[PDB]
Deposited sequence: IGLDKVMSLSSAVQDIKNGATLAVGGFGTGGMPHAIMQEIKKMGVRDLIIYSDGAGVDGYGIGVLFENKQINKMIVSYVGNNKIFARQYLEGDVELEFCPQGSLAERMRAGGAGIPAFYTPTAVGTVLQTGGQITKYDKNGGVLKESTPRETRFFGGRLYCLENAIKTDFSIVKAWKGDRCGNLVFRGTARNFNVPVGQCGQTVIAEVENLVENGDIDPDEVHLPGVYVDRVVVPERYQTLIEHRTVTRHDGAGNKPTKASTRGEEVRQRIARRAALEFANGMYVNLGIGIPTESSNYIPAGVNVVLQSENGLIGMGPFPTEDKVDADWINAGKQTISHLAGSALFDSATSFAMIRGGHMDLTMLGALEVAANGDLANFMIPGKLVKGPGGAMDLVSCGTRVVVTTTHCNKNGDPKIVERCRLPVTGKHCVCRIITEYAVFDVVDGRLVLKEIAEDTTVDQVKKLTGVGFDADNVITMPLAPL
């Protein structure tokens, strides 16, 4: 009975003109409007400017659009496993502007919310603040364009970046269910950027896996109120591409690092755990320590990999791996997820590092002119203000220390690491300098001196304990 916003897929997309700015939902392939992307490929519109968490993958969602070089510029938090995207960045076909994930989500929200700008501690003192990130090459490996700096201001004695609202000509979203007046319901972690994206475009287009009538969706269950949606399309049903089909049915220093990291958890903690050693450590949490895992793409209550029967493209973790959920879990959008993180609602954040400094700076982020992926949610995670523990092997395989006085590699966050756990040692960062807290059963203080690239205090060292099985 109500408003009817339904259109065919070609008709909904036909007025996107050359040069249009798009905001696109999706986290990797989860909630990525591939059907609509396939249709905009068909119409052949050129030099698009696209704001999205990533650029999908080779042959999927936004990834489709690189094939006939339809993309001028991507503004993105991560490139991920997208070879055509990286190749077109490196070969000078595409401008690539990085934005930390949480800032990208809040900027889109802001543009929908009539907020022209807001402050965040994210990216402060990084190259995303100072400018000079390589955004465009020429045709012959030469730097053609560089990122513009961010402005900064102090509040309460801490420094923050000014972020500007993002407003687009079009927004493209995917949802599990929509009604005819454009109310959208999402499923699992495929929600993600689809809420902030739907709010920031002048013309918003939603593909729905299920169209229902007005009044079929409980108003209390609506995730994106129909006011935001202009056009709804019902593509023929298709299987969302699963990047990492992870299911439940060497050099194991990693297990030792994970077993010590496991002693960091306390009962009742909410935790965000990075790919690798941090996640592994969750397997060694003792009985009587109940912690809830958060996934930055919009879950708390994250469980281990699903059993075969539970494998679901809508339920993946930050590394695009298929995931389960536990009793009392809860889904939220990407803006809420980074509000959660930025607002320091995690009790523990556990991350890897390529290099970590005595002052508590750390570098993963990138290596310039080299293997360059993007900030992802790493910059928001570390600037949370919350307890950050780094779990990493003590040295590079060639001997070079990963624990330094100050970072040579570009900084992910400034003065944010509290504790460094390696196979040899546990260091606290106390007043911008290092204190050796623990050493492994029969190493010595003397060898850890030699394996770390800075001095430290060692006036009260204990043996490093490990959690069992």
Would you mind checking the deposited sequence against the model and listing the stretches with no C-alpha coordinates?
250-263
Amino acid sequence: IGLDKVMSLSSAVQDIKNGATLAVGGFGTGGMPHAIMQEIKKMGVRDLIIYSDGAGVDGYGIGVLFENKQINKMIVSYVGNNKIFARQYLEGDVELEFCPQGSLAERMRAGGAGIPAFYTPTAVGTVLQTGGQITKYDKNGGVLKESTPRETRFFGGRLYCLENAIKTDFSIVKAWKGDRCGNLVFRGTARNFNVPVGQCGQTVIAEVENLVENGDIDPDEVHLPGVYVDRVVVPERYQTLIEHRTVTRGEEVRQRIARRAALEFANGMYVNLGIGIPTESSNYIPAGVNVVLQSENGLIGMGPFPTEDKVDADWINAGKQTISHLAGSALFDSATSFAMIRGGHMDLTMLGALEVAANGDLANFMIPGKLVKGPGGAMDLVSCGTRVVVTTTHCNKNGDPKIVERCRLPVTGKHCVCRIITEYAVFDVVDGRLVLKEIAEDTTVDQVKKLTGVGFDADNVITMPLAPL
From here on, numbers count along this sequence of modelled residues.
Comparing 69-77 with 232-240, which has the greater mean CA B-factor as deposited?
232-240
Assert higher mean C-alpha B factor (440-448 or 405-413, deposited values) equals 440-448
Among the choices 370, 107, 177, 150, identify the one whose CA B-factor in the record is greatest.
370
Hey, out of 333, 220, 169, 93, whose CA B-factor is highest in the deposited coordinates?
93
Binned into thirds over the chain's modelled residues, the C-alpha B-factor of residue 87 lands in the highest
Place residue 9 in the lowest, middle or highest third of its chain's C-alpha B-factors, as listed in the PDB entry.
middle
Divide the modelled residues of the chain into thirds by Cα B-factor and specify which third, lowest, middle or highest, holds residue 32.
lowest
Chain-relative C-alpha B factor for residue 23 (record values, thirds): the lowest
Relative C-alpha B-factor of residue 308, binned into the chain's lowest, middle or highest third:
highest
